[PDB]
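In the form deposited in one PDB entry, a lone chain appears below as structure tokens.
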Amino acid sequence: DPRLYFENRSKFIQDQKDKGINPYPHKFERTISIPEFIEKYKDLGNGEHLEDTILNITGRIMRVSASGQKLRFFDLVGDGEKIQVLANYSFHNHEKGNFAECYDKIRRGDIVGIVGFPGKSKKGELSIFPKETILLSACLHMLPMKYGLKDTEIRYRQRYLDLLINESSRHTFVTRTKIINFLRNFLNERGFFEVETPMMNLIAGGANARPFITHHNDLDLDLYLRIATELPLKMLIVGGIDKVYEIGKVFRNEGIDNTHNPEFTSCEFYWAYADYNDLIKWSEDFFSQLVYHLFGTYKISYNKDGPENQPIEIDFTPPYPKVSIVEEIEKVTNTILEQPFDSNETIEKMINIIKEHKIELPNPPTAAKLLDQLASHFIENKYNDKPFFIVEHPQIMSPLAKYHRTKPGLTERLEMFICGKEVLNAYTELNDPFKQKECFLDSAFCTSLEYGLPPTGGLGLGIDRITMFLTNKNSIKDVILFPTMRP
């Protein structure tokens, strides 16, 4: 029980090897899985056995029970579904070892191949009746019980233990790929095209973050890891790919939070001849149909304050509330910020309302980062009953967004927030090389615009944050398999 269980099971493998019994066989020819076994023999008669249809099935023993040395009860799991094993001495093929020698050797956690027939016990339990039982691979360690996990960080370290004990985690991850599959098929329906852009570049462009640094030995270059796929995707639209998208990982060297991770899955599409309204119409259709594709209703339950407090209802019914960033800030505080924002009359007009409201000052106090913290404390945690948009950002905050059609100083940028956390960022791209801020971003992108970029609108998604709200999870390490951990 302490640590000696790892020793005798290890010697048990050696005792089987010396006696001539190979403990890890090569191939077991199973003819039926467990989920299909459940679907095929679900409505059998209580006590009915199908003796003429023998089946070969595999699985992992999760409960070892006995009753008289000649009747042994097991729990065989596989692909998230569970059936019972009713090993009876009279049904055992008395030609491959003794019954006791064939069943006293296996314990909890062992992968075993079963040769038997389907049937239901008198208690009404669908079970497989093995005439032959062969150990495929033994579990040398002591597996914890049901509620002996999902507490410590052993899940984030050894996820294979968390996937075999808690039905939640398996449901968290089958819904994660269900989202990615729904998102991939959603774009393909609109004629989008999936591509692959490089991840090791000589410049860190696309967003605002802190990059990584690696080195190529055969070339002697110190390359930067990407933070987004903004620049290469636009170059492909110049190449004729009007509808293009890409799903993949992006790297960030920021602080690790419950919504922040060193690496996470990104998704950016770029729609040619699409304006500001085409994006919000695309966003409201995507999130609404997604939660309806999963839960059958636009209203979902989500414990915002951990599993210890009551949840809050998140309504995904379009249209979502649109909010202007500069217009809402100057109303809740009645501090009129006149453009230009990078002046000196207004840059401290908002400094005297961030330290006056007991909020951390962001250094450097640039007009772009001041409006960011002002929006993060006055607009973000506004509508938790339903997601909302923060639209019409200033041009100081979005150096890659096209000028607004009428309103000066602003742009057509939009950010969707769920429970106050950004999960979407979209704007109409700035296809003017002369009205650009950075070309006076690498030259590979500045030269790409000089060849002609159509009026394009882009959008980025946070899939790792989306799965958090769509699975009632509060941490970023719950929605990814192997999060970065400290030894």
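Between two forms, the rigid core is defined as the largest C-alpha subset superposing within 1.5 Å. A residue's number is simply how far along the shown sequence it sits, counting from 1.
- Of the other entries compared for this protein that flank it with modelled residues, all give atoms for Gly255, so not even a third lack it.
- Judged by the one-third criterion across other entries of this protein, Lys358, modelled here, is also modelled in every one of those that cover both its neighbours.
- In this entry, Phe440 and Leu441 are separated by 10 or more residues of the deposited sequence that lack coordinates.
- Between the stretches 109 to 117 and 259 to 267, it is 259 to 267 that shows the larger average CA temperature factor.
- Look at the mean CA B-factor for 376 to 384 and for 171 to 179 in the entry; the higher one is 376 to 384.
- Ranking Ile237, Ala87, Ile247, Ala209 by the C-alpha B-factor listed in the PDB entry places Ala209 at the top.
- Highest C-alpha temperature factor among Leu279, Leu371, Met416, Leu294, as the PDB entry reports it: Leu371.
- Among the modelled residues of the chain, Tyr147 sits in the highest third by CA temperature factor in this PDB entry.
- When all modelled residues of the chain are sorted by CA temperature factor, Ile203 is found within the highest third.
- In this PDB entry, the Cα temperature factor of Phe341 sits in the top third of its chain's modelled residues, the highest group.
- Per the deposited record, the Cα B-factor of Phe389 falls in the lowest third when ranked against the other modelled residues of its chain.
- When the modelled residues of the chain are ordered by their C-alpha B factor, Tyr103 lands in the lowest third.
A second form of this protein, the form deposited in another entry, is not displayed here; the remarks below concern that form.
- For the listed set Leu337, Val244, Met416, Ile227, the sole C-alpha moving 2 Å or more between this form and the one not shown on a rigid core superposition is that of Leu337.
- Relative to the superposed rigid core, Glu189 undergoes a CA displacement smaller than 2 Å between this form and the one not shown.
- In the core-superposed comparison between this form and the one not shown, the C-alpha atom of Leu361 has shifted by at least 2 angstroms.
- Here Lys131 does not count as shifted, since its C-alpha moves by less than 2 Å between this form and the one not shown after the core is aligned.
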